[PDB]
Structures are given as structure tokens and as C-alpha cells.
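Next up: a single chain in C-alpha cells, the form deposited in one PDB entry.
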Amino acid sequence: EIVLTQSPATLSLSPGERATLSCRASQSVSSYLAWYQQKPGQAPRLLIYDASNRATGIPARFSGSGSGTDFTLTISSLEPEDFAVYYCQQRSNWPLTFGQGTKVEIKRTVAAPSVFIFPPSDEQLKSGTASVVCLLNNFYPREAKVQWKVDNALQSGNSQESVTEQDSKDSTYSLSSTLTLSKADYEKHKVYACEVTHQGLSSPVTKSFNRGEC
């Protein structure tokens, strides 16, 4: 089977910049290569067919070239609607295969997260589990490290996080991390801390609380 390798994994560019995306095939596919665009919760949308031909409705800012094993999609100047995931697909041989996607993300000025820590509620504790939550609000770029500390002990494997889609108004991200421990474990310790490492922060920021105090 023909393996399509896409690069870069993530393009960060500002509206107006030129986007250049690559698709490399494990053997020649001739000119039988399509590009698709996908926004979250939506079906993929055909942009380019047979390597260089615009599908109907597709604006002139989209173009492609390449044949054989090397292909490039170009968006000459990025519009707000162009930030999404782009897939290549080969139609040369069976099975039909796709690249693993390139995400085109909006670059803006770096912004440091505002960090907020939340103790578990008394109601939650009543039933035997503790969720300590940490919020990192309105930051760019996406990459951030949350490090949980319980009495200075670096915590690992007992947290989960998720990240909002890039904001349509100011192009930032927000991230929520939850530390989960048993009620019994929560009650052994004093200091619960969320340490945030981010490019927007000169040095890591820590927010904490002491269990049961105001």
C-alpha cells in the first residue's frame, strides 16, 4: 500500500501569510493526488484533484503542484476560514490512502496563561474522591506544561487535561487539568500546587492552596 507522509504536522501562520504544505508518497502516484480540508465536526471538503486542479467553488488562493512522489499545497494568502486540517489522498492504486494530516493554526503574539487553582468541593469529598482542578486561561501558543505538586511531590499519571479550540475572536487557547485522588489520599496532604510552564512566562507560575484553610 502507498503511504502518504505529511509535513509539517502543524503550521502556525497569521492571516495573510503564505502556507506551504507537503505530501510525500512511498512510491510514485503519478498525478493522482487530491487535497482535502477538514474543520472540526465537519466532513472533509475537496480542494484540489489530480494534483493541480481546483475543485468547483474553491478560491484561486489554493493551488497545488508535484507529480510522482512529492506534492505541495499552497494557500497564497491565508483567510480566517482557511485554518483547519489538510489531508492528502492518493487515488493511484488500491487501497485509497490518506496522509495523516497537517493542522494550519493561527499564529498571534505570545500570551501567558492566567492560572487558577480550585480545591475539591466538600460535597465531592463526602462521597470518597477528590478532584483538584487548575485552569490556564487565554494563552498562545498551545504548548503548555501543567505540573501538579502535592507537598512538593511532583505528580504523574493521575491527571487529565483538555484544551479548547482556538478562539475565533482572539486566537488563544484555554486548558483545564484535573488531578484526581482518593478522599483518604487528599486528606493526608497540606499543599496542593499547580505549576505552569509556558513560553509567555519568564519562569514557571505556581498557584496553590493549603487543604482546609482560607
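Residue numbers run from 1 along the displayed sequence.
Only in words, not in the display: the form deposited in another entry, which the text now covers.
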Rigid-part split between the shown form and the other one: do residue 154 and residue 195 share a side? yes
Cα-Cα trend for residue 8 and residue 147, given that in that other deposited form the distance shifts by 3 Å or more: farther
Pin down for me whether the residue 109-residue 81 Cα distance shrinks or grows in that other deposited form relative to this form (closer or farther, change of 3 Å or more). closer
